[PDB]
Amino acid sequence: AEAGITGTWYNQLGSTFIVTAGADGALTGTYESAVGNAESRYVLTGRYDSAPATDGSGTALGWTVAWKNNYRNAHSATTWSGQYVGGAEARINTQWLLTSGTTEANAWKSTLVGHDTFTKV
Amino acid sequence: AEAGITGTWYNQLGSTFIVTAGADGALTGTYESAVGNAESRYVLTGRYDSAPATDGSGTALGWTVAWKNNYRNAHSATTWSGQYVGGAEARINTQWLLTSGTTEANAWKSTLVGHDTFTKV
Amino acid sequence: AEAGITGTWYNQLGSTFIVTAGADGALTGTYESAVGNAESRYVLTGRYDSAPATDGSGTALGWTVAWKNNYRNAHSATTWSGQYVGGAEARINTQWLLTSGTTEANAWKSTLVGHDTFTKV
Amino acid sequence: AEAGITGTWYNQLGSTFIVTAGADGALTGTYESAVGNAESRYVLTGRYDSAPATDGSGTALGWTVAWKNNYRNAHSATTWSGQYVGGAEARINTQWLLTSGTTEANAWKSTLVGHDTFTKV
Amino acid sequence: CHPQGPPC
Amino acid sequence: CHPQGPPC
Amino acid sequence: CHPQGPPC
Amino acid sequence: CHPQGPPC
C-alpha cells in the first residue's frame, strides 16, 4: 500500500478525500463535501499498517474528521474503519460511525452507522 | 473540553490511553494494553471539536490506533467515536470498529463492533 | 437457557420486556416503554439457540420490534442482537440497530446504533 | 409494501430468503445459504410497518435467524435491520449484527457488523 | 420522542 | 444539512 | 465456514 | 490474543 494509498479518492455520493500516507503509518489530508468548495474543506488524520501481509490480504486503516472549519461548526465527528485493496481496480471499503455532541437525556440516540466505497475514478 | 481532555484515561478492561488535545482540534498520544508494558504501546491520532456548544452538550471526538509497533504486527486498525462529558465525574463514552486485513473471500466478516467507557480514576 | 430466559427483564432506561422462549427456538412477547402504559406496548418476535454449548459460553439470541400499535406509528423498526448469561446475576447483553423509513436522499442517515443490558431486578 | 415484500429475494453473495408478510406486521419464512441445499435451510421471523407513509419514504423492517437446524449448530444469531423500497427495481437495503455465544473473557469480541442488498432478480 | 426512548 | 451529506 | 457465508 | 484485548 503506502504509495498505493496516496492520492485522490471519490465515493458514491460525490465527496472527495485527498491523502498522504507517510512512511511510518501516518495518514494526513483534507475531506470535501459534494458541491466542492473552499468552505466544505475539513482536516483529516489517521493511521495505516505500513508492513501488510504478503498474501492477497488487504491493508487495514482508519481516519477521523471533526466537522468544524472557519465557516461552519456542526458539533460532531466521523470515524471511518476499513481496508485498502490494490490492483487494476483499487478501492477502499469502509464502515463509519458519526457521533453528535448531546445532552445526557439524548445520549442514547447520539450515533449513526453506515458504509462507503472509495475509488480512484 | 481541551484542557479537560488532556491527561490519562482508563477503561473497564485495564487499558490506558494518554492524550494531548491541541488548540486547533488535534488529539495525539499513545495507547497501552492490559499488563502495561514497553511493548504494548501503540501511537494514536484523532480530532475533537475545539468550540463546543455552551449548553450542557458533550464535546464530540474520534481517534485511530493501527496495531503495529516495533515488537508486534497484528494487521488491523481500530477507530473509536464518542463524546467527552466533564464535571465531577468526567467520562468519555464511545462505540468502536476493529477491521482486520483479509482476502476478498473473507471480507464479509472483517469487522467487529463494541463499546467502551473511559474514566480518570 | 430456555426456562432461564422466560420472564420479565428491565434495562437501564426504565423499559420492560416480557418473553416466552419456546422449545424449538422461538421467542414471543411484548415490549413497553418508560412510563409503563397500555399504549406503550408493542409486539416482539425473535429466535434463540435451543441447544447451547455445555462449557461456560452464553446463549446467542436476537429479536425485532416494529414501532406501530393501535395508538401510535413511528415508521421505524429496532433489532437487538446479543447473548444470555445465567447464574446468580443473570443478564442479557446486547447491541441494537434502529432504522427509520426515509426518502432516498436521506437514506445515508437512516440508522442509529447503541447498546443495552437487561437484568431480572 | 406487504404484497410487495412477499416473495423470493437474493443477495450479492448467493443467499436466498423466502418471506410472507402478514396483514398485521408479521414476517415469517426461511433463509438458505450459498450452494442451496436441504440442510442449509434455517427458520426466520421478524416485523414490518403495515401502514407506511404515503410520500416516497421506504417501509422499515427487521428479522432474526438463529443458526441451528437438524443438521448443524453454529452457536450464533444474526439480526438484519433496514427498509423496503418498491417500484421498477425494488430492493431491501440492510445493515446486520452477528453475535456468537462466548465465555466472559471473550465477550468483547463477540459481534460482527456488515451490510447486504437484496433484489428480486 | 421516539417510543424506544424515555418517556412515552 | 450535515456537511458529510450531499450537498454543502 | 459459518452458514451465513459462501458456501455451506 | 489481539493487543486490544486483555492481556498482552
# chains A, B, ... in the order shown; residues from 1 in each chain; ligands from 1
>>> calpha_fit_and_write(fixed="chain B", moving="chain D", output="CSV table (one decimal) with N, CA and C atoms, in the first residue's frame")
chain,number,residue,atom,x,y,z
D,1,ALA,N,-13.9,21.7,26.9
D,1,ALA,CA,-13.1,20.5,26.9
D,1,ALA,C,-11.7,20.9,26.8
D,2,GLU,N,-10.9,20.6,25.7
D,2,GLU,CA,-9.5,20.9,25.6
D,2,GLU,C,-8.6,20.5,26.8
D,3,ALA,N,-8.4,21.4,27.7
D,3,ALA,CA,-7.6,21.1,28.9
D,3,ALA,C,-8.3,20.0,29.7
D,4,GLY,N,-9.7,19.9,29.6
D,4,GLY,CA,-10.4,18.8,30.3
D,4,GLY,C,-10.1,17.4,29.8
D,5,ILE,N,-9.7,17.3,28.5
D,5,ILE,CA,-9.4,16.1,27.8
D,5,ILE,C,-8.0,15.6,28.1
D,6,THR,N,-7.0,16.5,28.0
D,6,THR,CA,-5.6,16.2,28.2
D,6,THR,C,-5.4,15.5,29.5
D,7,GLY,N,-4.7,14.4,29.5
D,7,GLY,CA,-4.5,13.5,30.6
D,7,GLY,C,-4.5,12.0,30.3
D,8,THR,N,-4.6,11.3,31.4
D,8,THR,CA,-4.7,9.8,31.4
D,8,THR,C,-6.1,9.3,31.7
D,9,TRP,N,-6.6,8.4,30.8
D,9,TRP,CA,-7.9,7.8,30.9
D,9,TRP,C,-7.8,6.3,31.1
D,10,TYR,N,-8.7,5.6,31.7
D,10,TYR,CA,-8.6,4.1,31.9
D,10,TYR,C,-10.0,3.6,31.5
D,11,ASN,N,-10.0,2.4,30.9
D,11,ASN,CA,-11.3,1.7,30.6
D,11,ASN,C,-11.5,0.6,31.6
D,12,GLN,N,-12.7,-0.1,31.4
D,12,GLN,CA,-13.1,-1.2,32.2
D,12,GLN,C,-12.3,-2.5,32.1
D,13,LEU,N,-11.5,-2.7,31.0
D,13,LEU,CA,-10.7,-3.9,30.9
D,13,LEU,C,-9.3,-3.7,31.3
D,14,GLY,N,-8.8,-2.5,31.8
D,14,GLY,CA,-7.4,-2.4,32.2
D,14,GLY,C,-6.6,-1.7,31.1
D,15,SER,N,-7.1,-1.1,30.0
D,15,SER,CA,-6.2,-0.4,29.1
D,15,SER,C,-6.1,1.1,29.5
D,16,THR,N,-5.0,1.7,29.1
D,16,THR,CA,-4.6,3.1,29.5
D,16,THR,C,-4.3,3.9,28.2
D,17,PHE,N,-4.8,5.1,28.1
D,17,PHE,CA,-4.7,6.0,27.0
D,17,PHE,C,-4.2,7.4,27.5
D,18,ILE,N,-3.1,7.9,27.0
D,18,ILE,CA,-2.6,9.2,27.4
D,18,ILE,C,-2.7,10.2,26.2
D,19,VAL,N,-3.3,11.4,26.3
D,19,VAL,CA,-3.6,12.2,25.2
D,19,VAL,C,-3.4,13.7,25.5
D,20,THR,N,-2.8,14.4,24.5
D,20,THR,CA,-2.8,15.9,24.4
D,20,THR,C,-3.8,16.4,23.4
D,21,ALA,N,-4.7,17.3,23.8
D,21,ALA,CA,-5.6,18.0,22.9
D,21,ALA,C,-5.1,19.4,22.6
D,22,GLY,N,-4.8,19.6,21.3
D,22,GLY,CA,-4.1,20.8,20.9
D,22,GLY,C,-5.2,21.8,20.6
D,23,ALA,N,-4.8,23.1,20.6
D,23,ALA,CA,-5.6,24.3,20.5
D,23,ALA,C,-6.5,24.2,19.2
D,24,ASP,N,-6.0,23.7,18.1
D,24,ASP,CA,-6.9,23.7,16.9
D,24,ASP,C,-7.5,22.3,16.5
D,25,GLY,N,-7.9,21.5,17.5
D,25,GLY,CA,-8.7,20.3,17.2
D,25,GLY,C,-7.9,19.0,17.1
D,26,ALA,N,-6.5,19.0,17.2
D,26,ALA,CA,-5.7,17.8,17.1
D,26,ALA,C,-5.7,17.0,18.5
D,27,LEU,N,-5.8,15.7,18.4
D,27,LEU,CA,-5.5,14.8,19.5
D,27,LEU,C,-4.3,14.0,19.2
D,28,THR,N,-3.3,13.8,20.1
D,28,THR,CA,-2.1,13.0,19.8
D,28,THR,C,-1.7,12.3,21.1
D,29,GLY,N,-1.2,11.0,21.1
D,29,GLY,CA,-0.8,10.3,22.3
D,29,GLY,C,-0.5,8.8,22.0
D,30,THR,N,-0.6,8.0,23.0
D,30,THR,CA,-0.3,6.5,23.0
D,30,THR,C,-1.3,5.7,23.7
D,31,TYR,N,-1.6,4.5,23.2
D,31,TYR,CA,-2.5,3.5,23.8
D,31,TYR,C,-1.7,2.4,24.4
D,32,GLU,N,-1.9,1.9,25.6
D,32,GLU,CA,-1.3,0.6,26.0
D,32,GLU,C,-2.2,-0.3,26.7
D,33,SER,N,-2.0,-1.6,26.3
D,33,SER,CA,-2.8,-2.7,26.7
D,33,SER,C,-2.6,-3.1,28.2
D,34,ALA,N,-3.6,-3.9,28.6
D,34,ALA,CA,-3.5,-4.6,29.9
D,34,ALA,C,-2.2,-5.4,30.0
D,35,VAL,N,-1.7,-5.6,31.2
D,35,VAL,CA,-0.3,-5.8,31.6
D,35,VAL,C,0.3,-4.5,31.8
D,36,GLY,N,0.4,-3.6,30.8
D,36,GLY,CA,1.1,-2.4,30.9
D,36,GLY,C,2.6,-2.7,30.7
D,37,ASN,N,3.3,-2.2,29.7
D,37,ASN,CA,4.5,-2.7,29.1
D,37,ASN,C,5.0,-1.9,28.0
D,38,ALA,N,6.3,-1.9,27.8
D,38,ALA,CA,7.1,-1.1,26.9
D,38,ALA,C,6.8,-1.4,25.4
D,39,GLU,N,6.0,-2.4,25.2
D,39,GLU,CA,5.9,-3.3,24.1
D,39,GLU,C,4.4,-3.5,23.8
D,40,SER,N,3.6,-3.1,24.7
D,40,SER,CA,2.2,-2.9,24.4
D,40,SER,C,1.8,-1.5,24.2
D,41,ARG,N,2.7,-0.6,23.9
D,41,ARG,CA,2.5,0.8,23.5
D,41,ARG,C,2.4,1.0,22.0
D,42,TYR,N,1.3,1.7,21.5
D,42,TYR,CA,0.9,2.0,20.1
D,42,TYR,C,0.6,3.5,20.0
D,43,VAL,N,1.0,4.1,18.8
D,43,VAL,CA,0.6,5.5,18.5
D,43,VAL,C,-0.9,5.7,18.3
D,44,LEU,N,-1.5,6.8,18.8
D,44,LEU,CA,-2.8,7.2,18.4
D,44,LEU,C,-2.9,8.7,17.9
D,45,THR,N,-3.8,8.9,17.0
D,45,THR,CA,-4.1,10.2,16.4
D,45,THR,C,-5.6,10.4,16.1
D,46,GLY,N,-6.1,11.6,16.3
D,46,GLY,CA,-7.6,11.9,16.1
D,46,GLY,C,-7.9,13.4,16.1
D,47,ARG,N,-9.1,13.8,16.2
D,47,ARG,CA,-9.7,15.2,16.1
D,47,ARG,C,-10.9,15.3,17.1
D,48,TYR,N,-11.0,16.6,17.6
D,48,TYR,CA,-12.1,16.9,18.5
D,48,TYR,C,-12.6,18.3,18.2
D,49,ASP,N,-13.9,18.6,18.6
D,49,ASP,CA,-14.5,19.9,18.4
D,49,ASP,C,-13.9,21.0,19.4
D,50,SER,N,-13.1,22.0,18.9
D,50,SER,CA,-12.5,22.9,19.8
D,50,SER,C,-13.4,24.1,20.2
D,51,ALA,N,-14.6,24.2,19.7
D,51,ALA,CA,-15.6,25.2,20.2
D,51,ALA,C,-16.9,24.6,20.4
D,52,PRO,N,-17.1,23.8,21.5
D,52,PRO,CA,-18.4,23.1,21.7
D,52,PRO,C,-19.5,24.0,22.1
D,53,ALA,N,-20.8,23.5,22.1
D,53,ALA,CA,-21.9,24.3,22.5
D,53,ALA,C,-22.0,24.5,24.0
D,54,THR,N,-22.4,25.7,24.3
D,54,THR,CA,-22.4,26.2,25.7
D,54,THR,C,-23.4,25.7,26.6
D,55,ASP,N,-24.5,25.1,26.1
D,55,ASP,CA,-25.4,24.3,26.9
D,55,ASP,C,-24.8,23.1,27.5
D,56,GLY,N,-25.5,22.2,28.2
D,56,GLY,CA,-24.9,21.0,28.7
D,56,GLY,C,-24.6,19.9,27.7
D,57,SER,N,-24.3,20.2,26.5
D,57,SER,CA,-24.0,19.2,25.5
D,57,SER,C,-22.6,18.7,25.7
D,58,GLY,N,-22.3,17.4,25.3
D,58,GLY,CA,-20.9,16.9,25.3
D,58,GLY,C,-20.1,17.4,24.1
D,59,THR,N,-18.8,17.2,24.2
D,59,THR,CA,-17.8,17.5,23.1
D,59,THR,C,-17.5,16.3,22.2
D,60,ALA,N,-17.9,16.3,20.9
D,60,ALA,CA,-17.7,15.2,20.0
D,60,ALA,C,-16.2,15.0,19.6
D,61,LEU,N,-15.7,13.7,19.6
D,61,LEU,CA,-14.3,13.4,19.2
D,61,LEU,C,-14.2,12.0,18.6
D,62,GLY,N,-13.0,11.6,18.1
D,62,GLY,CA,-12.7,10.3,17.5
D,62,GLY,C,-11.2,10.2,17.4
D,63,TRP,N,-10.7,8.9,17.4
D,63,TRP,CA,-9.2,8.6,17.2
D,63,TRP,C,-9.0,7.2,16.6
D,64,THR,N,-7.8,7.0,16.0
D,64,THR,CA,-7.4,5.7,15.4
D,64,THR,C,-6.1,5.2,16.0
D,65,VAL,N,-6.0,3.8,16.2
D,65,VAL,CA,-4.8,3.1,16.5
D,65,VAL,C,-4.6,2.0,15.4
D,66,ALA,N,-3.5,2.0,14.7
D,66,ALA,CA,-3.0,0.8,13.9
D,66,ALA,C,-2.2,-0.1,14.7
D,67,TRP,N,-2.5,-1.4,14.8
D,67,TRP,CA,-1.9,-2.3,15.8
D,67,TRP,C,-0.5,-2.9,15.3
D,68,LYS,N,0.4,-2.0,15.0
D,68,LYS,CA,1.8,-2.3,14.6
D,68,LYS,C,2.7,-1.5,15.4
D,69,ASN,N,3.7,-2.0,16.1
D,69,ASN,CA,4.8,-1.3,16.7
D,69,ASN,C,6.1,-2.0,16.4
D,70,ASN,N,7.2,-1.8,17.1
D,70,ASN,CA,8.5,-2.4,16.9
D,70,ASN,C,8.6,-3.9,17.4
D,71,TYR,N,7.6,-4.4,18.1
D,71,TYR,CA,7.6,-5.7,18.7
D,71,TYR,C,6.5,-6.6,18.1
D,72,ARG,N,5.6,-6.2,17.3
D,72,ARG,CA,4.3,-6.9,17.1
D,72,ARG,C,3.6,-6.3,15.9
D,73,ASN,N,3.0,-7.1,15.0
D,73,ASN,CA,2.2,-6.6,14.0
D,73,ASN,C,0.9,-7.5,13.9
D,74,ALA,N,-0.2,-6.9,14.3
D,74,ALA,CA,-1.5,-7.7,14.3
D,74,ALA,C,-2.4,-7.4,13.0
D,75,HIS,N,-1.9,-6.6,12.0
D,75,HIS,CA,-2.6,-6.5,10.7
D,75,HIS,C,-4.1,-6.1,10.8
D,76,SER,N,-4.3,-5.0,11.6
D,76,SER,CA,-5.6,-4.5,11.9
D,76,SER,C,-5.6,-3.0,12.4
D,77,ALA,N,-6.7,-2.3,12.5
D,77,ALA,CA,-6.8,-0.9,12.9
D,77,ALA,C,-8.2,-0.8,13.6
D,78,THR,N,-8.2,-0.1,14.8
D,78,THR,CA,-9.5,0.3,15.5
D,78,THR,C,-9.7,1.9,15.5
D,79,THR,N,-10.9,2.3,15.2
D,79,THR,CA,-11.4,3.7,15.4
D,79,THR,C,-12.4,3.7,16.6
D,80,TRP,N,-12.2,4.7,17.5
D,80,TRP,CA,-13.3,5.0,18.5
D,80,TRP,C,-14.0,6.3,18.1
D,81,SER,N,-15.4,6.4,18.2
D,81,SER,CA,-16.2,7.6,18.0
D,81,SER,C,-17.0,7.8,19.3
D,82,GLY,N,-17.1,9.1,19.8
D,82,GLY,CA,-17.8,9.3,21.1
D,82,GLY,C,-17.9,10.8,21.5
D,83,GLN,N,-18.1,11.1,22.8
D,83,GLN,CA,-18.1,12.4,23.3
D,83,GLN,C,-17.6,12.5,24.8
D,84,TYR,N,-16.9,13.5,25.0
D,84,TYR,CA,-16.4,13.9,26.4
D,84,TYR,C,-17.5,14.6,27.2
D,85,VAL,N,-17.8,14.2,28.4
D,85,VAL,CA,-18.7,14.9,29.3
D,85,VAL,C,-17.8,15.2,30.5
D,86,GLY,N,-17.8,16.4,30.9
D,86,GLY,CA,-17.0,16.9,32.0
D,86,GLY,C,-17.7,17.0,33.4
D,87,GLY,N,-17.0,17.6,34.4
D,87,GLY,CA,-17.6,17.8,35.7
D,87,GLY,C,-17.0,16.9,36.7
D,88,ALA,N,-17.7,16.7,37.7
D,88,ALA,CA,-17.2,15.9,38.9
D,88,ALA,C,-16.7,14.6,38.5
D,89,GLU,N,-17.5,13.9,37.8
D,89,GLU,CA,-17.2,12.6,37.3
D,89,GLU,C,-17.3,12.5,35.8
D,90,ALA,N,-16.2,13.1,35.2
D,90,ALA,CA,-15.9,13.2,33.8
D,90,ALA,C,-15.8,11.8,33.2
D,91,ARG,N,-16.3,11.6,32.0
D,91,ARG,CA,-16.0,10.4,31.3
D,91,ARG,C,-16.1,10.6,29.8
D,92,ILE,N,-15.5,9.7,29.0
D,92,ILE,CA,-15.6,9.6,27.6
D,92,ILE,C,-16.4,8.3,27.3
D,93,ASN,N,-17.6,8.5,26.6
D,93,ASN,CA,-18.4,7.3,26.2
D,93,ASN,C,-18.2,7.1,24.7
D,94,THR,N,-17.9,5.8,24.3
D,94,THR,CA,-17.5,5.6,22.9
D,94,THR,C,-18.2,4.3,22.4
D,95,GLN,N,-18.3,4.2,21.0
D,95,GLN,CA,-18.5,2.9,20.3
D,95,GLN,C,-17.3,2.7,19.4
D,96,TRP,N,-16.9,1.5,19.0
D,96,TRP,CA,-15.7,1.3,18.2
D,96,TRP,C,-15.9,0.2,17.1
D,97,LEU,N,-15.0,0.3,16.1
D,97,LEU,CA,-15.0,-0.6,15.0
D,97,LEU,C,-13.5,-1.1,14.8
D,98,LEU,N,-13.3,-2.4,14.8
D,98,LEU,CA,-12.0,-3.1,14.6
D,98,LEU,C,-12.0,-3.8,13.2
D,99,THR,N,-11.2,-3.4,12.2
D,99,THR,CA,-11.2,-4.1,11.0
D,99,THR,C,-9.8,-4.9,10.8
D,100,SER,N,-9.8,-6.2,10.5
D,100,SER,CA,-8.6,-6.9,10.1
D,100,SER,C,-8.3,-6.9,8.6
D,101,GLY,N,-7.1,-6.8,8.1
D,101,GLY,CA,-6.8,-7.1,6.6
D,101,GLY,C,-7.2,-8.5,6.2
D,102,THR,N,-8.0,-8.8,5.1
D,102,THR,CA,-8.4,-10.1,4.8
D,102,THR,C,-8.3,-10.4,3.3
D,103,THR,N,-8.5,-11.6,2.9
D,103,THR,CA,-8.6,-11.9,1.5
D,103,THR,C,-10.0,-11.5,1.1
D,104,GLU,N,-10.3,-11.3,-0.2
D,104,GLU,CA,-11.7,-11.0,-0.6
D,104,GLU,C,-12.8,-12.0,-0.3
D,105,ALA,N,-12.4,-13.3,-0.2
D,105,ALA,CA,-13.4,-14.3,0.2
D,105,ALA,C,-13.8,-14.1,1.6
D,106,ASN,N,-12.9,-13.5,2.4
D,106,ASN,CA,-13.2,-13.4,3.9
D,106,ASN,C,-13.7,-12.0,4.3
D,107,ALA,N,-13.9,-11.1,3.3
D,107,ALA,CA,-14.1,-9.7,3.6
D,107,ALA,C,-15.5,-9.5,4.3
D,108,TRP,N,-16.5,-10.3,4.1
D,108,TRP,CA,-17.8,-10.1,4.8
D,108,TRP,C,-17.7,-10.2,6.3
D,109,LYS,N,-16.7,-10.9,6.8
D,109,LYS,CA,-16.5,-11.0,8.3
D,109,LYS,C,-15.3,-10.2,8.8
D,110,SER,N,-14.8,-9.2,8.1
D,110,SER,CA,-13.7,-8.4,8.5
D,110,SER,C,-13.7,-7.5,9.8
D,111,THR,N,-14.9,-7.1,10.3
D,111,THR,CA,-15.1,-6.0,11.2
D,111,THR,C,-16.0,-6.4,12.4
D,112,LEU,N,-15.4,-6.1,13.6
D,112,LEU,CA,-16.1,-6.2,14.9
D,112,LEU,C,-16.5,-4.9,15.4
D,113,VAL,N,-17.6,-4.9,16.2
D,113,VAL,CA,-18.1,-3.7,16.9
D,113,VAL,C,-18.3,-3.9,18.4
D,114,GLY,N,-18.1,-2.9,19.2
D,114,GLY,CA,-18.3,-2.9,20.6
D,114,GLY,C,-18.3,-1.5,21.2
D,115,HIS,N,-18.1,-1.3,22.5
D,115,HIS,CA,-18.2,-0.1,23.2
D,115,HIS,C,-17.4,0.0,24.4
D,116,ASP,N,-16.8,1.2,24.8
D,116,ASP,CA,-16.0,1.4,26.0
D,116,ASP,C,-16.4,2.7,26.7
D,117,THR,N,-16.2,2.7,28.1
D,117,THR,CA,-16.3,4.0,28.8
D,117,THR,C,-14.9,4.2,29.5
D,118,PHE,N,-14.4,5.4,29.3
D,118,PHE,CA,-13.1,5.8,30.0
D,118,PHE,C,-13.4,6.7,31.1
D,119,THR,N,-12.6,6.6,32.2
D,119,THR,CA,-12.7,7.5,33.4
D,119,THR,C,-11.3,8.0,33.8
D,120,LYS,N,-11.2,9.0,34.7
D,120,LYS,CA,-9.9,9.5,35.1
D,120,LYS,C,-9.3,8.7,36.3
D,121,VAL,N,-10.1,7.8,36.8
D,121,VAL,CA,-9.9,7.1,38.1
D,121,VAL,C,-9.6,5.6,37.6
>>> interface_residues(of="chain G", to="chain B", cutoff="10 Å", atoms="only C-alpha atoms", output="PDB file with N, CA, C and O atoms, in the first residue's frame")
ATOM      1  N   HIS G   2     -18.907 -20.579   8.530  1.00  0.00           N
ATOM      2  CA  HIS G   2     -20.208 -20.188   9.076  1.00  0.00           C
ATOM      3  C   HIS G   2     -21.263 -20.267   7.977  1.00  0.00           C
ATOM      4  O   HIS G   2     -21.004 -19.767   6.858  1.00  0.00           O
ATOM      5  N   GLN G   4     -23.803 -18.410   7.265  1.00  0.00           N
ATOM      6  CA  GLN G   4     -24.146 -17.117   6.664  1.00  0.00           C
ATOM      7  C   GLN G   4     -23.280 -16.827   5.445  1.00  0.00           C
ATOM      8  O   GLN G   4     -23.719 -16.100   4.553  1.00  0.00           O
ATOM      9  N   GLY G   5     -22.050 -17.362   5.435  1.00  0.00           N
ATOM     10  CA  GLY G   5     -21.056 -17.059   4.426  1.00  0.00           C
ATOM     11  C   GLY G   5     -21.219 -17.944   3.194  1.00  0.00           C
ATOM     12  O   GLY G   5     -22.079 -18.832   3.151  1.00  0.00           O
ATOM     13  N   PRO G   6     -20.445 -17.700   2.127  1.00  0.00           N
ATOM     14  CA  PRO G   6     -20.327 -18.626   0.992  1.00  0.00           C
ATOM     15  C   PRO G   6     -19.173 -19.660   1.069  1.00  0.00           C
ATOM     16  O   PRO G   6     -18.052 -19.273   1.439  1.00  0.00           O
TER      17      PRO G   6
END
>>> select_by_dssp(residues="chain C", states="helix (DSSP H, G or I)", output="PyMOL selection string")
chain C and resi 2-4+104-109
>>> select_by_dssp(residues="region 8-99 of chain D", states="strand (DSSP E)", output="NGL selection string")
:D and (8-11 or 16-21 or 26-32 or 41-48 or 59-69 or 72-85 or 91-99)
